[PDB]
Structure formats: C-alpha cells, structure tokens
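Structure file protein-v3.txt (compact mmCIF, C-alpha atoms and all ligand atoms) follows.
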```txt
# COMPACT_ATOMS: atom_id res chain seq x y z
CA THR A 1 118.85 97.38 141.56
CA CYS A 2 121.40 94.82 140.15
CA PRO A 3 119.58 91.56 139.64
CA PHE A 4 120.90 88.40 141.25
CA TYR A 5 121.48 86.67 137.89
CA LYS A 6 124.24 89.31 137.16
CA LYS A 7 126.20 88.49 140.34
CA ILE A 8 128.77 85.69 140.75
CA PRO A 9 128.55 84.21 144.33
CA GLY A 10 131.73 83.93 146.37
CA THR A 11 133.37 86.71 144.46
CA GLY A 12 133.23 90.40 144.14
CA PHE A 13 132.29 89.97 140.44
CA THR A 14 129.45 91.11 138.20
CA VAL A 15 128.69 90.24 134.57
CA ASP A 16 127.16 92.72 132.11
CA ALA A 17 126.13 95.03 135.02
CA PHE A 18 127.09 98.59 133.94
CA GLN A 19 123.72 100.41 134.25
CA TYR A 20 123.13 100.28 138.06
CA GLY A 21 125.81 102.75 139.12
CA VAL A 22 128.30 101.49 141.68
CA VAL A 23 127.32 97.95 142.59
CA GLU A 24 128.14 97.71 146.28
CA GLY A 25 130.87 95.16 146.83
CA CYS A 26 131.92 94.80 143.15
CA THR A 27 135.70 94.64 142.63
CA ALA A 28 135.70 93.64 138.92
CA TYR A 29 133.04 94.19 136.18
CA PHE A 30 133.13 91.60 133.34
CA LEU A 31 131.62 92.44 129.89
CA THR A 32 130.78 89.36 127.71
CA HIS A 33 130.36 91.28 124.37
CA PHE A 34 129.77 94.63 122.75
CA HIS A 35 125.97 94.74 122.45
CA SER A 36 124.11 97.77 123.88
CA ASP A 37 121.80 95.97 126.39
CA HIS A 38 125.00 94.46 127.87
CA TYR A 39 127.36 97.48 127.88
CA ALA A 40 124.64 100.01 128.72
CA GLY A 41 126.18 102.44 131.13
CA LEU A 42 129.87 102.41 130.12
CA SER A 43 131.62 105.64 128.98
CA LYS A 44 134.95 107.60 129.26
CA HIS A 45 134.03 108.42 132.91
CA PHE A 46 134.06 104.79 134.12
CA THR A 47 136.85 104.22 136.73
CA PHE A 48 136.57 100.51 137.70
CA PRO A 49 138.39 97.55 136.17
CA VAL A 50 136.61 96.06 133.07
CA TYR A 51 137.58 92.56 132.11
CA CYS A 52 136.80 91.36 128.53
CA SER A 53 138.19 89.98 125.25
CA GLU A 54 140.75 91.83 123.11
CA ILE A 55 138.10 92.69 120.50
CA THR A 56 135.61 93.94 123.04
CA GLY A 57 138.46 96.06 124.56
CA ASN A 58 139.18 97.63 121.08
CA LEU A 59 135.51 98.66 120.81
CA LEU A 60 135.45 100.07 124.43
CA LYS A 61 138.57 102.23 123.67
CA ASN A 62 137.56 103.34 120.15
CA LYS A 63 133.75 103.64 120.21
CA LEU A 64 132.94 104.46 123.84
CA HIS A 65 136.32 106.13 124.76
CA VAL A 66 136.81 104.18 127.94
CA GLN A 67 140.31 104.96 129.21
CA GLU A 68 142.95 102.39 128.54
CA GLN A 69 144.08 102.09 132.17
CA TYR A 70 140.63 100.53 133.11
CA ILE A 71 140.44 98.04 130.16
CA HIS A 72 141.77 94.61 131.00
CA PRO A 73 141.70 92.37 127.91
CA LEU A 74 142.26 88.62 128.40
CA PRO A 75 143.31 85.99 125.84
CA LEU A 76 140.92 83.17 125.09
CA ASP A 77 141.43 79.56 126.19
CA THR A 78 143.97 80.60 128.87
CA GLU A 79 143.84 80.21 132.65
CA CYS A 80 144.11 83.73 134.14
CA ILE A 81 144.02 85.06 137.78
CA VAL A 82 141.62 87.98 138.50
CA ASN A 83 141.59 89.41 142.10
CA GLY A 84 142.68 86.03 143.28
CA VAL A 85 140.21 83.87 141.35
CA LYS A 86 141.04 81.62 138.35
CA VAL A 87 138.95 82.49 135.21
CA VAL A 88 138.94 81.35 131.55
CA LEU A 89 137.29 83.13 128.57
CA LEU A 90 135.82 80.84 125.85
CA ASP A 91 134.49 81.58 122.39
CA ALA A 92 130.70 82.07 122.61
CA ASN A 93 129.89 81.71 118.81
CA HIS A 94 127.79 84.95 119.07
CA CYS A 95 129.17 88.22 117.54
CA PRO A 96 132.85 89.17 117.21
CA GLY A 97 134.67 89.26 120.56
CA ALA A 98 131.78 87.53 122.42
CA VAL A 99 132.85 85.21 125.24
CA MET A 100 131.59 82.73 127.85
CA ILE A 101 133.35 82.94 131.31
CA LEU A 102 134.39 79.99 133.54
CA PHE A 103 134.90 80.92 137.25
CA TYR A 104 136.77 78.53 139.58
CA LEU A 105 135.64 79.58 143.08
CA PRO A 106 138.02 79.22 146.06
CA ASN A 107 135.59 76.75 147.67
CA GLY A 108 135.72 74.34 144.65
CA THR A 109 132.52 75.40 142.85
CA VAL A 110 132.87 75.87 139.08
CA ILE A 111 130.44 78.37 137.35
CA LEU A 112 129.96 78.89 133.60
CA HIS A 113 128.31 82.15 132.44
CA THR A 114 127.43 81.82 128.73
CA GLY A 115 126.94 85.48 128.07
CA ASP A 116 125.01 85.46 124.73
CA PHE A 117 125.88 82.25 122.76
CA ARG A 118 124.93 79.94 119.89
CA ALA A 119 125.64 76.49 121.30
CA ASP A 120 127.65 74.23 119.09
CA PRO A 121 129.10 70.69 119.39
CA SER A 122 132.59 72.17 119.02
CA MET A 123 132.19 73.55 122.55
CA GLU A 124 132.14 69.91 123.83
CA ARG A 125 135.92 69.82 122.96
CA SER A 126 137.05 73.06 124.57
CA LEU A 127 138.44 73.41 128.14
CA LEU A 128 134.87 72.76 129.26
CA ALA A 129 135.37 69.03 128.81
CA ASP A 130 138.14 68.99 131.55
CA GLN A 131 136.04 69.43 134.69
CA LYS A 132 132.58 69.49 136.15
CA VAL A 133 130.43 72.66 136.12
CA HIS A 134 128.09 73.06 139.00
CA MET A 135 126.14 76.23 138.10
CA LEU A 136 125.22 77.47 134.57
CA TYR A 137 124.13 81.08 133.88
CA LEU A 138 122.33 80.41 130.59
CA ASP A 139 121.36 82.47 127.50
CA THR A 140 117.72 81.36 127.23
CA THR A 141 116.69 83.75 124.41
CA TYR A 142 115.03 80.95 122.29
CA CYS A 143 114.21 78.46 125.10
CA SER A 144 110.93 77.08 123.56
CA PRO A 145 110.51 74.23 121.03
CA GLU A 146 108.91 76.44 118.35
CA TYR A 147 112.33 78.05 117.81
CA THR A 148 113.95 76.08 115.00
CA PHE A 149 116.19 77.67 112.47
CA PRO A 150 118.67 76.53 109.83
CA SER A 151 122.45 76.42 110.18
CA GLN A 152 124.36 79.61 109.48
CA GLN A 153 126.02 77.83 106.54
CA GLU A 154 122.60 77.06 104.86
CA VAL A 155 121.46 80.63 105.31
CA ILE A 156 124.70 82.07 103.75
CA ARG A 157 124.43 79.63 100.83
CA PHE A 158 120.89 80.94 100.16
CA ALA A 159 121.95 84.58 100.34
CA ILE A 160 125.04 84.12 98.09
CA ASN A 161 123.01 82.22 95.35
CA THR A 162 120.13 84.78 95.46
CA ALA A 163 122.40 87.81 95.14
CA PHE A 164 124.66 86.27 92.46
CA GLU A 165 121.65 85.27 90.29
CA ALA A 166 119.97 88.73 90.64
CA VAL A 167 123.02 90.78 89.77
CA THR A 168 124.05 88.49 86.88
CA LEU A 169 120.50 88.88 85.38
CA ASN A 170 120.63 92.67 86.00
CA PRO A 171 124.12 94.28 86.27
CA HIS A 172 122.36 97.50 87.29
CA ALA A 173 120.85 96.00 90.49
CA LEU A 174 122.20 97.24 93.88
CA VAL A 175 122.41 94.87 96.90
CA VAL A 176 121.60 96.43 100.36
CA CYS A 177 122.08 94.73 103.78
CA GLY A 178 120.74 96.07 107.10
CA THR A 179 122.65 96.26 110.43
CA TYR A 180 122.26 97.89 113.90
CA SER A 181 125.04 96.34 115.95
CA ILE A 182 128.09 94.16 115.47
CA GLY A 183 127.39 90.54 114.48
CA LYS A 184 126.23 88.81 111.30
CA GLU A 185 129.19 90.21 109.25
CA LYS A 186 129.21 86.95 107.23
CA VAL A 187 125.97 87.96 105.49
CA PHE A 188 127.29 91.09 103.76
CA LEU A 189 130.94 89.89 103.42
CA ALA A 190 129.93 86.62 101.68
CA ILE A 191 127.63 88.43 99.23
CA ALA A 192 130.32 91.07 98.42
CA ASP A 193 132.87 88.27 97.89
CA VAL A 194 130.70 86.42 95.28
CA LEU A 195 130.02 89.73 93.41
CA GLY A 196 133.70 90.93 93.38
CA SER A 197 132.80 94.12 95.23
CA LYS A 198 133.74 95.75 98.59
CA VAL A 199 131.02 96.58 100.99
CA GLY A 200 130.29 100.28 101.28
CA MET A 201 129.21 101.85 104.53
CA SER A 202 129.25 104.94 106.70
CA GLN A 203 132.38 106.20 108.39
CA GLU A 204 130.96 105.22 111.90
CA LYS A 205 130.29 101.62 110.71
CA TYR A 206 133.66 101.30 108.98
CA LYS A 207 135.36 102.37 112.24
CA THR A 208 133.42 99.70 114.17
CA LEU A 209 134.47 96.98 111.71
CA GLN A 210 138.15 98.04 111.84
CA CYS A 211 138.09 97.09 115.62
CA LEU A 212 137.19 93.39 114.99
CA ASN A 213 140.51 91.68 113.95
CA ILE A 214 138.89 90.25 110.82
CA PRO A 215 141.78 89.10 108.45
CA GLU A 216 142.19 91.00 105.17
CA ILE A 217 139.39 93.42 106.22
CA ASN A 218 141.02 96.33 104.32
CA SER A 219 140.42 94.22 101.16
CA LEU A 220 136.62 93.74 101.86
CA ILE A 221 135.20 97.03 103.14
CA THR A 222 135.22 100.70 102.12
CA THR A 223 133.69 104.13 102.80
CA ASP A 224 133.50 104.86 99.04
CA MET A 225 129.83 104.07 98.25
CA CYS A 226 130.24 104.92 94.57
CA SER A 227 132.74 102.13 93.87
CA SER A 228 130.70 99.48 95.77
CA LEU A 229 127.61 97.50 94.72
CA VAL A 230 126.87 96.04 98.21
CA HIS A 231 125.71 98.84 100.57
CA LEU A 232 125.18 98.56 104.38
CA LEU A 233 122.48 100.74 105.90
CA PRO A 234 120.82 101.06 109.29
CA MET A 235 118.27 98.32 109.81
CA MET A 236 115.64 101.12 110.26
CA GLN A 237 116.15 102.19 106.63
CA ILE A 238 115.36 98.57 105.26
CA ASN A 239 111.80 99.25 104.10
CA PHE A 240 110.23 100.50 100.83
CA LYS A 241 110.28 104.25 101.76
CA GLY A 242 113.91 104.07 102.99
CA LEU A 243 115.11 102.03 100.00
CA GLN A 244 113.38 104.24 97.35
CA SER A 245 115.04 107.21 99.09
CA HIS A 246 118.44 105.51 98.98
CA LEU A 247 118.06 104.61 95.30
CA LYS A 248 117.49 108.31 94.42
CA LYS A 249 120.84 109.06 96.15
CA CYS A 250 122.78 106.76 93.77
CA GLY A 251 122.20 109.07 90.78
CA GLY A 252 120.80 106.57 88.26
CA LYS A 253 123.75 104.17 88.64
CA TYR A 254 121.12 101.55 89.65
CA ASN A 255 117.52 100.67 88.67
CA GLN A 256 116.75 97.80 91.13
CA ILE A 257 117.40 97.00 94.84
CA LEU A 258 117.64 93.58 96.35
CA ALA A 259 117.76 94.01 100.22
CA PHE A 260 118.44 91.55 103.06
CA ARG A 261 117.14 91.91 106.66
CA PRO A 262 118.95 89.29 108.85
CA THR A 263 116.26 88.78 111.49
CA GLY A 264 116.58 86.42 114.50
CA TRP A 265 113.43 84.24 114.41
CA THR A 266 110.21 84.98 112.52
CA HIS A 267 107.05 82.62 112.64
CA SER A 268 107.48 81.69 108.93
CA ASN A 269 110.11 79.22 110.52
CA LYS A 270 107.29 77.03 111.95
CA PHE A 271 106.16 76.30 108.37
CA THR A 272 108.60 77.42 105.68
CA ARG A 273 112.05 75.84 104.76
CA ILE A 274 115.07 78.05 103.69
CA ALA A 275 114.79 76.79 100.08
CA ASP A 276 111.20 78.16 100.07
CA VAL A 277 111.74 81.80 101.39
CA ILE A 278 110.28 84.62 99.22
CA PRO A 279 110.67 88.39 99.30
CA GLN A 280 108.26 91.27 99.83
CA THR A 281 108.29 93.22 96.51
CA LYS A 282 107.11 96.74 95.53
CA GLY A 283 108.09 97.98 92.12
CA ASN A 284 111.81 97.50 91.49
CA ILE A 285 112.51 96.87 95.28
CA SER A 286 112.60 93.35 96.88
CA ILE A 287 113.24 92.68 100.66
CA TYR A 288 114.27 89.28 101.96
CA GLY A 289 114.01 88.42 105.71
CA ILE A 290 116.60 85.67 106.31
CA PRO A 291 116.77 83.70 109.65
CA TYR A 292 120.49 84.20 110.44
CA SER A 293 120.70 83.63 114.23
CA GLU A 294 123.61 84.24 116.63
CA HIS A 295 121.67 82.59 119.48
CA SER A 296 121.08 78.86 120.20
CA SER A 297 118.02 77.15 118.73
CA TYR A 298 115.92 75.22 121.32
CA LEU A 299 117.50 71.91 120.16
CA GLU A 300 121.11 73.28 120.18
CA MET A 301 120.54 74.69 123.73
CA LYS A 302 119.06 71.38 124.93
CA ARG A 303 121.99 69.34 123.55
CA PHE A 304 124.56 71.65 125.23
CA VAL A 305 122.90 71.46 128.62
CA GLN A 306 122.23 67.66 128.50
CA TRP A 307 126.00 67.33 127.64
CA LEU A 308 127.17 69.65 130.43
CA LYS A 309 124.86 68.24 133.14
CA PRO A 310 124.89 71.26 135.50
CA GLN A 311 123.54 70.99 139.08
CA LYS A 312 121.72 74.35 138.85
CA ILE A 313 120.59 76.54 135.89
CA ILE A 314 120.10 80.36 136.21
CA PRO A 315 118.41 81.90 133.16
CA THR A 316 119.60 85.33 132.02
CA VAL A 317 116.97 86.03 129.28
CA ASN A 318 113.13 86.13 129.39
CA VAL A 319 113.27 86.38 133.22
CA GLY A 320 110.77 89.22 133.51
CA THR A 321 107.47 87.31 133.55
CA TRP A 322 106.26 84.49 135.80
CA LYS A 323 104.84 82.51 132.87
CA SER A 324 108.23 82.65 131.07
CA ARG A 325 110.18 81.67 134.13
CA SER A 326 107.82 78.77 134.92
CA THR A 327 107.93 77.46 131.32
CA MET A 328 111.73 77.53 131.20
CA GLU A 329 111.98 75.64 134.58
CA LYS A 330 109.67 72.94 133.11
CA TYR A 331 111.98 72.42 130.08
CA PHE A 332 115.04 72.25 132.37
CA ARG A 333 113.36 69.46 134.42
CA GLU A 334 112.37 67.52 131.29
CA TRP A 335 115.93 67.72 130.08
CA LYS A 336 117.36 66.48 133.34
CA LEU A 337 114.92 63.56 133.58
CA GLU A 338 115.45 62.49 129.95
CA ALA A 339 119.27 62.50 130.39
CA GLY A 340 119.45 61.19 133.96
CA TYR A 341 121.49 63.75 135.87
NI NI A 401 124.11 89.87 122.16
```

Show me this structure written as structure tokens.
Amino acid sequence: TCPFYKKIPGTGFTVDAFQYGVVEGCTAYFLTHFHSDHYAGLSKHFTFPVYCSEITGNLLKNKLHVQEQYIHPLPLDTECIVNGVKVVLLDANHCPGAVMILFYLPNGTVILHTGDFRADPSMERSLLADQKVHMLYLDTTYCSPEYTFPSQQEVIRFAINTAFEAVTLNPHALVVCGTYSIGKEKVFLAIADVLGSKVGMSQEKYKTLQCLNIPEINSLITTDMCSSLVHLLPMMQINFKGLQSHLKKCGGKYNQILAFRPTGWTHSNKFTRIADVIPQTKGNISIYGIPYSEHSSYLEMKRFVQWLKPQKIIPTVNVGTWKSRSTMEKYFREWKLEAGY
C-alpha cells in the first residue's frame, strides 16, 4: 500500500506515488522528477491530474505518452494554487526538471518535500528563506558520514583534462560515456566541448535529451555516430566485453577506447582523492569510475538541515530496515543538539 512518507497531511496530495493504483482520497499526484523509481506506474492510460515542472511534463508527453489534458506543468519560484492549496516548486539541483515542493497548509503548517536533491548553499537564498518550515520530507540517500565526494566542478575538471590529454596523444582514440537515465549530462557535454565534437547516441536517447530545454542542444548532440568521437552507450555496455564489441562496430576508425562510468559513491572515496583516481585497463580499453553525484553528501545534507531547522524530519530513502531508520534518527538528533533548535 502507499507508504505514509508519500502522503502530504491535510491535503488530498501524494508525491511520487504512481505504482499503488488509485490512492484512496488522492485529488492530485505530484511527480518531483523523471526517474523510474519515482514515475513507476505512469502511462498513456493515466486519468488523474499530474503536477510537475515543464521539463518533467515534456518527458511525460513524449516518452511515456501521458495525455496532455492530465499534465499540469508549473513554473519554478512562483506561488501557485492547486485544489485550494498554495504550492511553490524549487530547483532541486538533481537531474533536469527535478524539483522540491513547498506546501502551505490551510492550518498554517508549512511542509517542504525535497524530492531527490543535492543540497547547496544557494538554496539558502531562494523563497525558502522567507518563512519557517515545520516538516521536512528529506532525501536521505547518503545520510552517513562515510559519504564524502568532491564538487561537481572538480569532477568535470578531471574528466575534461583526462579526455583532452588522451585524444591529443592519440587522435584515433574514441571516448565513451555510460548513461541509464536523465542526469549527469555535464559529463559527456563538457568532454565533447573540449574535443570539438558532438556527442553521438541512439535515437531513443537523442529524443530524451531534446525534451530538456538545454540551450544550443542542437549544436552539441547528434544521432550520426560516424561523425562523432564522444559516444553515449547504456551503462550496462560499459565493461571490457561491451566496449571491445563496440570498437569492432566502428570499422577501424578507432584503435583505443577511454570510457567513463559516472557512479554515485564508491568506497575508493574513503581513501582516494580525485587527483589520484586511476582506470581499470585491459589491452587498448581503459574505464574510469568518476564520483559525479546528483545527491547531497552527508556534510551538504547536514548543513541544509541545520540551516532550515525543521520541527520534524521524515526520511524518504533507506527507510526499509530498522537499523537504517534508527541510524538516521540518531544523526538528526545530533544535528539538532549541535545547532540548538
Ligand atoms: Ni532521482
């Protein structure tokens, strides 16, 4: 059944709750972003109002064929009325079109639902600064102190310098980048930009990217693989078997692959710096795992919450085990005692 952490009290609303059938008493279904664990259940047969960002609405229409009459896109940073309740969508610094949702309940309670987010100090100067938030529905994906990772900027700097050096040493090297969802477009776009290439990809992936309102996108991507030296493939294909196979397909245009797998966290982060990352190599194939995250680190999450000072926190991730739930509740209490709220 629909879990309680997907329901917004005092409303008829649910958040990211499309796989339970008809949720009894739900008058409006919000969708924070277009990732499959969140949209699971939507299709062209859905006949209830869906509230979301413009970008998420483009992907619902074009990829899932949800009918236009049920898609209700809202602008960001704008007070809107939904079934009689004031809401605001805020940028979540996750993947394209990803939002956080502020609900202003008739009784005076204010609720923030983060969806999936990567907390950032810039959020401390949004419409969040303007009033008190009583309840926080929090993306706790990396809510443990072992989860450190570098800034997105440091990671992109590493990838750009690595690719540029490899291809300048060998003009017959191909660069490959893995993907299985929207998000992390900076990795492959930044590398293509430094090499003066477009990124080549499948028709299905090109269609997905043309939904994202990225400026000058027609200048950066293509379905012509032959004219491109940065290829996107399914993340599943980013291994030695899959990459050897792909190299055969390029008809001796290339004699070397340099591949990037943008992982979330991997336990080489507890020891190794970004400057010190090395690839796995077999023959003329090298694979780099790079820690490009679109979720908060433990420290970024802690700063956000100690800034916001909510009265109650409801985790939305890692809620399935008692040991996880109990550990998270211990960090929340530490945070509150250290900061004094
Ligand atoms: Ni997500």

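Selection of all polymer residues within 8 Å of ligand NI 401 (chain A) on the basis of all atoms listed in the file gives residues 33, 34, 35, 37, 38, 94, 95, 115, 116, 117 and 294 of chain A.
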
Nearest to residue 305 (chain A) by atom-to-atom distance, counting all atoms listed in the file, from A:173, A:19, A:161, A:341: A:341

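The neighbours of residue 300 (chain A) here are the residues that come within 12 Å of it, using all atoms listed in the file and leaving out any residue fewer than 4 positions away in the same chain; they are residues 117, 118, 119, 120, 121, 122, 123, 139, 140, 142, 143, 144, 145, 147, 148, 149, 150, 151, 293, 294, 295, 296, 304, 305, 306 and 307 of chain A.
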
For CA of residue 164 (chain A) and CA of residue 232 (chain A), the interatomic separation in Å (one decimal): 17.1 Å

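The residue set within 10 Å of residue 8 (chain A), counting all atoms listed in the file and dropping same-chain residues fewer than 6 places from it, reads residues 14, 15, 26, 103, 105, 111, 112, 113 and 137 of chain A.
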
May I ask you to restore N, CA, C and O atoms in region 108-131 of chain A and write the result as a tab-separated table (two decimals), in the coordinates of the input?
```tsv
chain	number	residue	atom	x	y	z
A	108	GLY	N	135.80	75.53	145.49
A	108	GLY	CA	135.72	74.34	144.65
A	108	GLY	C	134.55	74.33	143.64
A	108	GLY	O	134.44	73.45	142.80
A	109	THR	N	133.64	75.27	143.79
A	109	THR	CA	132.52	75.40	142.85
A	109	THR	C	133.08	75.93	141.54
A	109	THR	O	133.95	76.81	141.54
A	110	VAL	N	132.57	75.38	140.42
A	110	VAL	CA	132.87	75.87	139.08
A	110	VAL	C	131.51	76.42	138.44
A	110	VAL	O	130.44	75.75	138.46
A	111	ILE	N	131.60	77.64	137.95
A	111	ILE	CA	130.44	78.37	137.35
A	111	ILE	C	130.78	78.73	135.90
A	111	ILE	O	131.82	79.31	135.67
A	112	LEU	N	129.89	78.42	134.97
A	112	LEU	CA	129.96	78.89	133.60
A	112	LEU	C	128.87	79.94	133.38
A	112	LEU	O	127.73	79.61	133.57
A	113	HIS	N	129.25	81.10	132.88
A	113	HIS	CA	128.31	82.15	132.44
A	113	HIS	C	128.44	82.24	130.90
A	113	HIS	O	129.53	82.51	130.39
A	114	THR	N	127.37	81.92	130.19
A	114	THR	CA	127.43	81.82	128.73
A	114	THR	C	127.51	83.15	128.01
A	114	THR	O	127.61	83.19	126.76
A	115	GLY	N	127.27	84.24	128.73
A	115	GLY	CA	126.94	85.48	128.07
A	115	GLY	C	125.80	85.22	127.07
A	115	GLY	O	124.88	84.44	127.38
A	116	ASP	N	125.85	85.86	125.88
A	116	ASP	CA	125.01	85.46	124.73
A	116	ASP	C	125.83	84.42	123.94
A	116	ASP	O	127.01	84.61	123.66
A	117	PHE	N	125.19	83.34	123.54
A	117	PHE	CA	125.88	82.25	122.76
A	117	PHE	C	124.97	81.56	121.73
A	117	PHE	O	123.75	81.53	121.89
A	118	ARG	N	125.59	80.94	120.73
A	118	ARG	CA	124.93	79.94	119.89
A	118	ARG	C	125.64	78.59	120.11
A	118	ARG	O	126.71	78.33	119.60
A	119	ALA	N	125.04	77.75	120.95
A	119	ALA	CA	125.64	76.49	121.30
A	119	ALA	C	126.03	75.71	120.10
A	119	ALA	O	125.28	75.68	119.10
A	120	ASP	N	127.18	75.03	120.24
A	120	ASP	CA	127.65	74.23	119.09
A	120	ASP	C	128.40	73.01	119.63
A	120	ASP	O	129.01	73.10	120.68
A	121	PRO	N	128.33	71.88	118.91
A	121	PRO	CA	129.10	70.69	119.39
A	121	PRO	C	130.59	70.91	119.57
A	121	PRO	O	131.23	70.20	120.40
A	122	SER	N	131.19	71.84	118.81
A	122	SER	CA	132.59	72.17	119.02
A	122	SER	C	132.94	72.63	120.45
A	122	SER	O	134.04	72.43	120.93
A	123	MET	N	131.97	73.18	121.19
A	123	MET	CA	132.19	73.55	122.55
A	123	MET	C	132.45	72.32	123.48
A	123	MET	O	133.04	72.46	124.57
A	124	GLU	N	131.98	71.15	123.05
A	124	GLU	CA	132.14	69.91	123.83
A	124	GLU	C	133.62	69.46	123.83
A	124	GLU	O	133.97	68.56	124.60
A	125	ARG	N	134.45	70.09	123.00
A	125	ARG	CA	135.92	69.82	122.96
A	125	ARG	C	136.81	70.96	123.34
A	125	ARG	O	138.00	70.94	123.09
A	126	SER	N	136.26	71.94	124.02
A	126	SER	CA	137.05	73.06	124.57
A	126	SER	C	137.56	72.66	125.98
A	126	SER	O	137.30	71.54	126.43
A	127	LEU	N	138.15	73.60	126.70
A	127	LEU	CA	138.44	73.41	128.14
A	127	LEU	C	137.24	73.08	128.98
A	127	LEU	O	137.43	72.69	130.11
A	128	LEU	N	136.00	73.23	128.49
A	128	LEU	CA	134.87	72.76	129.26
A	128	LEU	C	134.88	71.28	129.49
A	128	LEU	O	134.26	70.84	130.48
A	129	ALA	N	135.47	70.49	128.62
A	129	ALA	CA	135.37	69.03	128.81
A	129	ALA	C	136.18	68.53	130.06
A	129	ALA	O	135.92	67.45	130.56
A	130	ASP	N	137.08	69.37	130.56
A	130	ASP	CA	138.14	68.99	131.55
A	130	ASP	C	137.75	68.93	133.01
A	130	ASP	O	138.53	68.46	133.83
A	131	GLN	N	136.59	69.48	133.34
A	131	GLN	CA	136.04	69.43	134.69
A	131	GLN	C	134.54	69.72	134.66
A	131	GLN	O	134.01	70.20	133.69
```
